[PDB]
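This document opens with one chain alone, in structure tokens, the form deposited in one PDB entry.
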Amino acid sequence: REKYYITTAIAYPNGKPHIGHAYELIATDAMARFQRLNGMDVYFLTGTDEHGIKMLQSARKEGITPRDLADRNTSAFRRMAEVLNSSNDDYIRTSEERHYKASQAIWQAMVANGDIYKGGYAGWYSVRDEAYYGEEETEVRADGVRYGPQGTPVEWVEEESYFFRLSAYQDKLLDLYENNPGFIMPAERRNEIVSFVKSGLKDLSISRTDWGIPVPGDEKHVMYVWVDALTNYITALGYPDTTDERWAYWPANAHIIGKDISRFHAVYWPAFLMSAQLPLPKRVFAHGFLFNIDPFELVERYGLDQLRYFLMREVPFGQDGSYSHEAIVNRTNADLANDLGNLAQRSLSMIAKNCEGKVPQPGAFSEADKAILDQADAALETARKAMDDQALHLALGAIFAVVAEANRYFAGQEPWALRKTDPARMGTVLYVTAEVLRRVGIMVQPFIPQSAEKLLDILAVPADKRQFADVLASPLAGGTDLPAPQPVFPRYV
């Protein structure tokens, strides 16, 4: 069984969880579940990034230690994962001892390759981004203060600092981008990165000089928060122990991240991995941002699956998008409550009332029967091709187009009228509808897991007949008992 490793960015837990974090986790969860159902051996990581100057300063404001703050706020992030029904296999915190040892190992690996030196710089520095900047990347605003590109103040500094020889990787990075056209996506991101690297790379500062991982052999220094943070992805697999059973999951198939942190993952990270003699992830994919506050309240007001569906359907993955009360209510009423849920309820109640709650024996399929059935099978192939490109909206779009067409099929067959005229044919039509519903049910599991389970329970589908392979392999059999149908998607109160 082919191995598939997917990760989310690890959030700074310096406050409460926000919807950005929830969005990223839901989308990564969907992708992970999709691949499980598609027959892969999946490892799915998320976690928290607990070092950094931004954590230090938040700790000071609250008047506690950064470990204290990290420990307190992290519980909320873990609780968010449980509430969003996240299927992650591990949870990483960069305060753990395994990470400390991982980060010091990858560091040593880069030193062994000759890519790390101690040196002197003189330039603008932002304390909060732990990064130097060139005068060109800065501006003096009306308050008379010079700001760097990432929004924060820069001051002039002359210090010794450890450096990574990022200049030695310009050409190897450009080859990576030619040879692997899907390494950093979507396209708008690819071009930012390719252009940034074509225009020249300066060596990168990777230490400062008391909350972080000490640079091995020189404890007066601590590792820049990004070197540390990126290592999370290989820490979770047992690095540096390459005989750990998890290690075969490396290289990651997909790092899901937000667009504001592309450069770290598509430039720094591969450079570091090359240096440490490790293989590179197959893809980094950057989602956009959401605009209107608290994920827990949203789940409470709308339902988890309603929110999951909305976010993954209404925004093209990669692009920025909007959400509002009215949008979520209307789109989830239309697609879930009405289109899918009411097709299930009407059809399954007709089977309950008119066929003794047994799946009816289908006869010859008509042209219209074969068309809707085939459209369902076709949706699986489209969903697969979509998810390979992180196109969650297209995967869901294809599956729900089958739902829309199934309502038209149902209405147009007029099965109530057939009750009197032709009960054999009524049965065939109810069969088809039930069978289309089984195929949809299987396909939507990754996106709306609990609701999908409830819809398949209603269709009496065994627990071991809900893989994507079962869409073609395991059709409903006439005669099977079905429990009394309750609505799966209540209309919004």
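So that there is no doubt, residue numbering starts at 1 and follows the sequence shown. Rigid core here is just the name for the largest C-alpha set that superposes within 1.5 Å across the two forms.
Per the record, residue 292 and residue 293 are separated by a gap of 10 or more residues from the deposited sequence that were not modelled. Per the record, residue 209 and residue 210 are separated by a gap of 1 to 3 residues from the deposited sequence that were not modelled.
Per-stretch averaging of Cα B factors for 220-228 and 194-202 places 194-202 on top.
Higher mean CA temperature factor between 80-88 and 416-424: 416-424, per the PDB entry. Going by the entry's values, 457 shows the largest Cα B-factor out of 457, 68, 49, 29. Ranking 284, 276, 386, 351 by the C-alpha B-factor listed in the PDB entry places 351 at the top. Among the modelled residues of its chain, residue 446 has a C-alpha B-factor that falls in the lowest third, as given in the PDB entry. In the PDB entry, a CA B factor belonging to the middle third of its chain's modelled residues is recorded for residue 156.
Split the chain's modelled residues into thirds by C-alpha temperature factor. Residue 393 is in the middle one. Remark: residue 33 belongs to the lowest third of its chain, ranked by C-alpha B-factor as recorded. Per the PDB record, residue ranking by Cα B-factor puts residue 125 in the middle third of the chain.
Below, we turn to the form deposited in another entry, even though it does not appear here.
Comparing C-alpha positions between the shown form and the other one after a rigid core fit, one residue in 135, 244, 260, 388 moves 2 angstroms or more. It is 135.
Shown in the overlay between the shown form and the other one, fitted on the rigid core, is a CA shift at residue 37 smaller than 2 Å. Put the two forms on the same core and the Cα of residue 200 is off by less than 2 Å between the shown form and the other one. Relative to the superposed core, residue 64 shifts its CA atom by 2 Å or more between the shown form and the other one.
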